[PDB]
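Reviewing the structure listed below.
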4 protein chains.
Amino acid sequence: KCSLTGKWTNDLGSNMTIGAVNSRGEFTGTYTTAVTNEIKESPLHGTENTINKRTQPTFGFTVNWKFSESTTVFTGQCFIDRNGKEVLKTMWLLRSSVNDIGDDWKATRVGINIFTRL
Amino acid sequence: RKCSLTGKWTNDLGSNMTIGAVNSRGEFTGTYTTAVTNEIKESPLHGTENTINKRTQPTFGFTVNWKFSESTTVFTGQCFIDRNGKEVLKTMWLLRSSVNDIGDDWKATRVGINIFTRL
Amino acid sequence: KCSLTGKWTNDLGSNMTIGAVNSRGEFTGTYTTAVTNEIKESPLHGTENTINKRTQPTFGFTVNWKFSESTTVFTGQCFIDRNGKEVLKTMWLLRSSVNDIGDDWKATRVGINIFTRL
Amino acid sequence: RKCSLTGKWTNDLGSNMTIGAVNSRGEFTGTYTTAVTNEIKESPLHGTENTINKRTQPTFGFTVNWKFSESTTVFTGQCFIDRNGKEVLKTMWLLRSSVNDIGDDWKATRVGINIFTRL
Ligand SMILES: O=C(CCCC[C@@H]1SC[C@@H]2NC(=O)N[C@@H]21)Nc1ccc([N+](=O)[O-])cc1
Ligand SMILES: O=C(CCCC[C@@H]1SC[C@@H]2NC(=O)N[C@@H]21)Nc1ccc([N+](=O)[O-])cc1
Ligand SMILES: O=C(CCCC[C@@H]1SC[C@@H]2NC(=O)N[C@@H]21)Nc1ccc([N+](=O)[O-])cc1
Ligand SMILES: O=C(CCCC[C@@H]1SC[C@@H]2NC(=O)N[C@@H]21)Nc1ccc([N+](=O)[O-])cc1
Ligand SMILES: *[C@H]1O[C@H](CO)[C@@H](O)[C@H](O)[C@H]1NC(C)=O
Ligand SMILES: *[C@H]1O[C@H](CO)[C@@H](O)[C@H](O)[C@H]1NC(C)=O
Ligand SMILES: *[C@H]1O[C@H](CO)[C@@H](O)[C@H](O)[C@H]1NC(C)=O
Ligand SMILES: *[C@H]1O[C@H](CO)[C@@H](O)[C@H](O)[C@H]1NC(C)=O
């Protein structure tokens with residue numbers, strides 16, 4: 001069973017802590033990233049999909065950055081590799097805030113992140 | 001004035017969305033309604049609105065926990081006041097499908113956009 | 001038959017001209033966009049998929065920006081709407097140039113563009 | 001020195017790619033080889049490398065014209081000189097599937113990444 005609750009770290013060096021996942025699949029947590037003024041914490045809220053009670057469920061969460069006007073959403077699946085290790089393969093969209101609707105076209109970045117247990 | 005997320009919205013695909021009040025922490029919940037040819041499904045959503053600098057056109061993100069499949073979709077965008085004075089949500093999303101092998105991961109994510117206006 | 005050859009314009013106001021598509025599905029053209037110093041032209045190269053000689057083929061092309069170090073790639077399908085009009089529904093990735101591999105994560109933007117005959 | 005596109009590459013998924021010489025206009029052609037469980041397919045690719053400011057780590061883009069399906073994939077990225085001195089192509093791609101109705105357009109595009117190193 002791949003569980004989201006716990007401590008994770010990714011390929012960029014960012015860390016994330018997720019608490020208990022309730023009966024509805026909802027969970028909260030903290031997302032930690034460094035600036036290079038050193039470390040900043042931002043809350044995250046998301047849900048794990050519980051349809052068919054898969055052992056490798058899909059999920060999604062939003063990171064509400066506390067040091068910028070931007071928002072990032074992550075979606076992915078909690079996998080169990082060949083070694084028996086849990087791994088989160090995710091993709092994200094990073095939304096920047098623009099002051100005019102005419103600039104909307106360049107406000108969204110996309111990328112990936114792989115998380116492993118810390 | 002300010003663009004507010006709370007309310008009823010409909011998008012360019014015909015899906016409807018209801019968002020509740022946004023608390024002090026910027027959190028909100030709602031419902032997402034889509035069709036399937038009418039036979040309609042209803043799924044819950046949870047997200048947050050960025051409160052930094054209390055901008056009048058904030059960015060936000062939410063997750064839709066589909067109740068009819070094992071998939072998950074996340075949306076992010078900004079609440080704009082268009083040139084004609086109408087409120088409009090410009091969003092982009094990622095649709096994550098469930099795969100059985102970590103080896104099939106590469107083909108599990110679709111991307112697209114959705115524009116929402118008040119219902 | 002939805003054909004790529006011709007003049008197109010999109011939702012942002014940019015214009016594009018594509019020449020003849022050869023037997024291998026390859027085509028070239030010009031991509032015009034304004035700055036708001038007014039108009040700039042950049043060449044594009046791409047290919048249309050010819051498998052099963054579909055009347056609504058998929059395609060892809062790269063725009064080699066002549067005023068920046070960035071590159072944009074578009075992929076989409078040439079459709080025929082209910083009115084009988086040709087429409088190109090596309091999605092693109094805009095790659096910015098970063099000076100260090102450590103900044104690679106924030107170098108890619110994503111978006112859409114719908115083109116109609118000009 | 002400079003990161004050059006010309007040569008043989010292999011990615012994290014196991015696919016191989018051969019890129020030819022890049023002319024003065026920054027144009028190039030090549031071949032993309034992927035497996036299907038070995039039974040391997042071969043498809044042509046055409047793209048360009050950005051020549052502005054003759055950077056040593058240029059951005060580029062190319063299209064792969066799949067010969068076994070009606071799909072098309074485009075890649076874009078940058079040719080980097082990693083910290084250990086190795087040349088590496090960091091890329092992102094969009095995979096466009098063919099749909100029969102403009103109404104199914106929304107679900108026709110997948111997105112992902114690929115990292116290429118010299119073979
Ligand atoms: O507004 C921001 C907030 C920064 C966290 C950003 C992203 S979320 C996906 C990725 N995974 C992580 O763990 N962290 C990153 N970012 C931002 C915007 C612009 C620039 N810039 O240099 O221009 C730098 C950072
Ligand atoms: O698993 C699913 C759940 C369906 C809702 C999907 C997306 S979320 C972005 C877009 N905006 C909307 O309002 N609705 C859609 N979808 C799905 C997967 C595969 C296929 N298929 O035909 O293969 C059809 C639907
Ligand atoms: O480097 C660039 C080259 C500009 C053309 C950009 C994109 S390609 C997708 C979209 N569709 C179009 O027809 N045109 C646009 N762009 C760029 C980068 C940064 C900023 N900026 O303000 O920061 C502005 C433009
Ligand atoms: O139509 C296709 C053509 C297959 C090559 C696909 C992608 S291009 C990005 C990635 N990097 C690679 O080196 N190869 C892949 N693919 C396709 C579509 C659907 C399914 N399916 O199982 O449903 C399988 C393959
Ligand atoms: C979190 O990851 C490890 C856990 O101890 C730690 O060494 C590192 O400094 C932390 N990184 C960040 C960005 O907080
Ligand atoms: C929701 O949007 C309007 C609300 O009145 C309604 O006419 C339409 O049938 C609904 N669409 C769906 C997919 O539920
Ligand atoms: C191209 O689109 C129309 C075609 O005549 C023209 O009016 C407009 O000025 C042009 N736009 C750009 C960005 O070149
Ligand atoms: C290509 O990569 C190496 C080249 O020697 C080879 O071992 C491998 O089998 C090939 N893979 C594919 C998918 O053709």
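Just so you know, the numbers here start at 1 and follow the chain as drawn.
Placement of Cβ uses the backbone N, Cα and C atoms for every residue, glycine included.
Swiss-Prot annotations:
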DISULFID  A:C2-A:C78  disulfide bond
CARBOHYD  A:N15  N-linked glycosylation site
BINDING   A:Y31  biotin binding site
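DSSP classifies A:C78 (disulfide bond) as strand under the three-state reduction. Proximity to chain B (Cβ-Cβ under 8 A) holds for none of the recorded positions A:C2, A:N15, A:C78. Taking the C-alpha atom of the residue listed as 'N-linked glycosylation site' as reference, the shortest distance to any of the recorded positions A:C2, A:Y31, A:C78 belongs to A:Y31. The model of this deposited entry stops at A:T36 and resumes at A:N37, leaving 3 residues out; those two Cα positions are 8 Å apart. Residues A:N15, taken from the recorded positions A:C2, A:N15, A:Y31, are distinguished by a CB atom under 6 angstroms from ligand 5.
Here A:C78 (disulfide bond) is positioned 17 angstrom away from A:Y31 (biotin binding site), judged by their C-alpha atoms. Ranked by how many other Cβ atoms sit within 10 Å of their Cβ, the disulfide-bonded residues A:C2, A:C78 place A:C2 at the bottom. Not a single one of the recorded positions among A:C2, A:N15, A:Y31, A:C78 has a C-beta coming within less than 6 Å of an atom of ligand 7.
Least packed by the Cβ count within 10 Å, out of the recorded positions A:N15, A:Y31, is A:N15. A:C2 (disulfide bond) falls outside any helix or strand according to DSSP and counts as coil.
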